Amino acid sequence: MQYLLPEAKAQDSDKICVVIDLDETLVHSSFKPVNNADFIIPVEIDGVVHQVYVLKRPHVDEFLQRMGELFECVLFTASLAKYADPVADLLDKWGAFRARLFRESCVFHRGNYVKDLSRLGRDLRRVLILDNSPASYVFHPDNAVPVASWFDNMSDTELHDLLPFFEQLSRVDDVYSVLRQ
């Protein structure tokens, strides 16, 4: 199989590659109207245009800008591009995402959309995945940075609290020495 990512830019060759999830990690979307939504976009489903209300997780702007500076960031979602692409366009104002991967790039393993990290084409000692669903990284439990699922708690500070830990990881030679494998 062809790797999911191209050759790393010279500047990113020695940086860690971070696979970042979309739903319940950076945002929370819904078909039922929500007051004070950040994005309200059209998504076609079976020929009918539906309005999708998207809420941004607190501190996502600070998070993405910082992560984009520290690592070779990659958006990897199990959702379809017709939805994720527009959301990513509205989210990434710093070109933090070096690449965007959707549903088709996941491997449907034992009923779940798994994100096979070996599939990226990056040294596993230099790869991290931020996903609220441990099922997503069943093949790479030791490359994960645990993160809580978010829905609408505007008091949430997980993204802000995770930066210190990512800062730490950006300075180690092998993420396994920290995550432990």
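Each residue number is its position in the shown sequence, starting from 1.
- Relative to one another, 45 to 53 and 108 to 116 have unequal mean CA B-factors, and 45 to 53 is the one with the higher figure.
- A summary of the deposited B-factors shows that, of 147 to 155 and 134 to 142, the stretch with the larger mean C-alpha value is 147 to 155.
- Take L22, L163, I16, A10 and read off each C-alpha B-factor from the entry; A10 has the highest.
- Among the modelled residues of the chain, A37 sits in the highest third by CA temperature factor in this PDB entry.
- In the deposited entry, the Cα temperature factor of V175 places it in the lowest third of its chain's modelled residues.
- Looking at the C-alpha B-factors along this chain, the one for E62 belongs to the middle third.
- Per the PDB record, residue ranking by Cα B-factor puts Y83 in the middle third of the chain.
- The PDB entry assigns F97 a C-alpha temperature factor belonging to the highest third of its chain's modelled residues.
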